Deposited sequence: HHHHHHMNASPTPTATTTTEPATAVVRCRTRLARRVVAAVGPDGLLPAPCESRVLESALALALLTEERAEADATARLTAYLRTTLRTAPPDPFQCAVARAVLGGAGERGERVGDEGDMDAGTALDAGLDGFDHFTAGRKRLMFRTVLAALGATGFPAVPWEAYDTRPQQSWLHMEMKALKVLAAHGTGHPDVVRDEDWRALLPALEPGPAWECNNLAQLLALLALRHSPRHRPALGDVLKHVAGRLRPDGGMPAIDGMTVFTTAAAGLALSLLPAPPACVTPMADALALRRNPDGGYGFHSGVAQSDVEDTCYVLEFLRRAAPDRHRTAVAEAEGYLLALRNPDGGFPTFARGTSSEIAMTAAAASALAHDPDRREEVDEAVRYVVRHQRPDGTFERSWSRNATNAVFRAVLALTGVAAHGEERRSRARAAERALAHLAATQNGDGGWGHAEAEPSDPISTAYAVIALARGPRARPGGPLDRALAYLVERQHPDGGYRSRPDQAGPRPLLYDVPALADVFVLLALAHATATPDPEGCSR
């Protein structure tokens, strides 16, 4: 056939091959400087795990020399080797001796409990700031109580190594929590990767399996493995009907749940009808009065990408027309004067909602105009090699390009030399001999700090090729 179809075929064979007999696509996360530096600080202050501390140290020196991350993580590493976001990051550096502690009232550190990861991280930072400024009396019992999960053995609570490491750095100052510290330090040291670093998270297998299942379910003849992958996802659903990003993550989120719902709707709508209905209920319970959807917790601000993803995922059931149209109207109202709302991810989400949801009359025209401007922004920012980078002046990467391809697949048909044609040729050219893709990562957490789940590059390119072919 075409070079594009041969590319899609080799990639689909690779993604299918990577799915295991348990139905999951493994998605380990690479070591990250921030968590590796915090682990080094913790083990060093506790004079523990000598072999792990030396490997962590060599990992940090190597990584600064050969592949340095963003400037914040570099300063964190050098500290250990030698709005609300600003408060968090400055307190981390101050905890490591790199800057002064923010001169803020202590209430600056208090956060809403349902943002449960951030809540524990900010309690830990409050405790470090209270001790670091010489006011340990400030810490109240409810501050310590929020940190208790960090003293449980096994993998980190919510798969979140940053939250556990910050909590332990705080807890080692408390005489009544120190009996539990020795055992967890053993578990922490046991997490080091082959390169000697600490990963940000245990993995992203739920997110990655769902997105791959969706991509596979969009092929002309989906492979048989979509059924065990649907099964593996549905038996991991949380009590509220939603999905966390990995096994063992109790905090459901909208983005994971939308990928699972979209996949299940295509691959197992009857076999998993109850899981489908429960994920729909999860999303509907989260919807804000303005018609948008938050990332995790209702009452928190609606976000464009989450609003667009939920609109698309809910559009299947005709009983939800009202909710879906309100969400798409929210997307139209929030388009920026340059057609926007990395750069290409939100455009992808918005364009699929703008063109997938059925509409006629004046609303059809309004949505069509919005999608045109978004696809025009993509055409205007396309790089000479046919790809897109994570911002307009950045070199191309396959994942940013994959997102743009999914959106452009909803525009006019590919013409030779046109933007979609050139983007597909870019992806064809970037396929590695083993059939896969290597890419700059685009997942962030805590925003804007990137972490690298390499399995996602193959999956998002496959999703793009499946949409575009």
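In sequence order, the deposited residues that have no C-alpha coordinates form the ranges 1 to 21, 104 to 136, 396 to 401, 530 to 539.
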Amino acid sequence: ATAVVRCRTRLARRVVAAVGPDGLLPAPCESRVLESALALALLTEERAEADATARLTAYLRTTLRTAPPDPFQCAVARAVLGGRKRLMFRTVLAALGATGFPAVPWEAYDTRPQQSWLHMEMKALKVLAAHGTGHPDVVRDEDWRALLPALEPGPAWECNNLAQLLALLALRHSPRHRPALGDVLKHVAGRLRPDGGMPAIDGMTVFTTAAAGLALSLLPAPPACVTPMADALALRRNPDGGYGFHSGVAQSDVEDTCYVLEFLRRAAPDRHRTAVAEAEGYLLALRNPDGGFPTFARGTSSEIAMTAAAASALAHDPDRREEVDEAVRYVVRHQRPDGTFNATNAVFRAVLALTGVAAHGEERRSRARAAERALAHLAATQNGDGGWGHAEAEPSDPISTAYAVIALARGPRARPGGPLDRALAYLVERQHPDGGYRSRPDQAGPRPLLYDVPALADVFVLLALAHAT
From here on, numbers count along this sequence of modelled residues.
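Higher mean CA temperature factor between 226 to 234 and 104 to 112: 104 to 112, per the PDB entry. Here the stretch with the larger average CA B-factor, out of 167 to 175 and 317 to 325, is 317 to 325. For the set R32, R422, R440, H432, the maximum C-alpha B-factor listed in the entry falls on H432. When the C-alpha B-factors of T401, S36, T44, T63 are ranked from the entry, the top spot goes to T63.
Annotation for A358: CA B-factor lies in the highest third of the chain's modelled residues. Annotation for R373: CA B-factor lies in the lowest third of the chain's modelled residues.
Sort the modelled residues of the chain by CA B factor and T274 lands in the middle third. Per the deposited record, the Cα B-factor of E255 falls in the lowest third when ranked against the other modelled residues of its chain.
Looking at the C-alpha B-factors along this chain, the one for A466 belongs to the middle third.
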